[PDB]
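The residues making up each chain are set out below.
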Amino acid sequence: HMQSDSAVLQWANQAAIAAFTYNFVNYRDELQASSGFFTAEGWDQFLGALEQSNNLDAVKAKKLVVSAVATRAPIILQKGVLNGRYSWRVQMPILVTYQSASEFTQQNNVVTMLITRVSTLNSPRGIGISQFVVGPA
């Protein structure tokens, strides 16, 4: 297929938000529903990041609902060919909310994604996330 910068951005926006949209009940379904956003190596790294962080443990323990909204528009920091595949480094700030009847906590995070073109044979979108990095401010 074909990819536009603007299309890739809107897509990166969706993927970033989806990653922070789950709860103590549906986490497994939501987790798995997102695998399509990722490339082979991206899925491994994303899963690894999930295990290292304690987030899922607190969400379950405190039985929270996680949501997020884009704080500013996503931007392409850099684009070009990496290892034979056209790629985009996309960054977007977000406001994440962890809440329940008893708790309400918010975080300003910045998501940085490496997005690469892949075969539509395995990923109909034609692109996938190879690296998913979260940080503050």
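Residues numbered from 1 in each chain as written, not as in the entry; some residues may be left out. Heavy atoms only, no water.

The deposited coordinates, according to the entry record, derive from X-ray crystallography at 2.200 Å resolution.

Caption draft 1: Here's a closer look at empty space enclosed by the protein. By the definition in use, this model includes one cavity of 30 Å³ or more. In this structure, the largest cavity encloses a volume near 30 Å³. Surrounding the largest cavity, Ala15, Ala18, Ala19, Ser34, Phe37, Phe38 and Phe46 form its lining. It is helix 1 (residues 5–19) that provides the largest number of residues to the lining of the largest cavity, a total of three residues. Per-class residue counts for the lining of the largest cavity are six nonpolar, one polar and no charged. (1 Å grid on protein atoms, 1.4 Å probe; cavity = no way out; pocket = protein on both sides within 12 Å on 5 of 7 lines; lining within 4 Å. Points joined across faces, edges and corners; volume = space filled by probe spheres on them. Helix = DSSP H or I, 4+ residues; strand = E, 2+ residues; numbered from the N terminus. Nonpolar A, V, L, I, M, F, W, Y, C, P; charged D, E, K, R; others polar.)

Caption draft 2: The pattern of salt bridges, seen in detail. On inspection of all chains with the given rule, the structure shows three salt bridges. Ionic pairing is found between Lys79 and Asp5, a salt bridge with its closest N-O pair at 2.6 Å. Of this pair, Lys79 sits in strand 3 (residues 75–82) while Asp5 sits in helix 1, placing them 74 residues apart in sequence. Between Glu103 and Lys62 there is a salt bridge, and its shortest N-O distance comes to 3.6 Å. Taken as a pair, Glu103 in the loop between strand 4 (85–99) and strand 5 (104–117) and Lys62 in the loop between helix 4 (55–61) and strand 2 (65–70) lie far apart in primary sequence, 41 residues in all. (Salt bridge = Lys/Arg side-chain N within 4 Å of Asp/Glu carboxyl O.)

Caption draft 3: Spotlight on the side chain of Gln3. If you trace the backbone, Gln3 turns up in the segment before helix 1. Relative accessible area serves as the criterion here: at 19%, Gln3 is assigned to the buried category. Within the local environment of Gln3, its side chain forms a polar contact with the side chain of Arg125, the two groups lying 2.6 Å apart. (Buried < 20%, exposed > 50% of the residue type's maximum accessible area, 1.4 Å probe, protein only. Polar contact = N/O pair within 3.5 Å; in protein donor to acceptor, adjacent residues only side chain to side chain.)

Caption draft 4: Just the pairing of strand 2, in detail. The sheet contact formed by strand 1 (residues 22–23) and strand 2 spans two bridges and is antiparallel. The residue bridging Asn23 from the neighbouring strand is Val65, located in strand 2. Sheet topology note: the strand 2/strand 4 ladder contains six bridges and is antiparallel. Residue pairing across strands places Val66 opposite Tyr98, the latter belonging to strand 4. (Pairing = 2+ DSSP bridges.)

Caption draft 5: Spotlight on the side chain of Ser87. For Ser87, the position within the fold is in strand 4. Of note is the side chain of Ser87, whose polar atom sits 3.0 Å from the backbone oxygen of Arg85. Sequence-distant contacts of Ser87, defined by excluding residues within four places in its chain, comprise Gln78, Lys79, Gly80, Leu82, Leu114, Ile115 and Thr116. (Contact = heavy atoms within 4.5 Å.)

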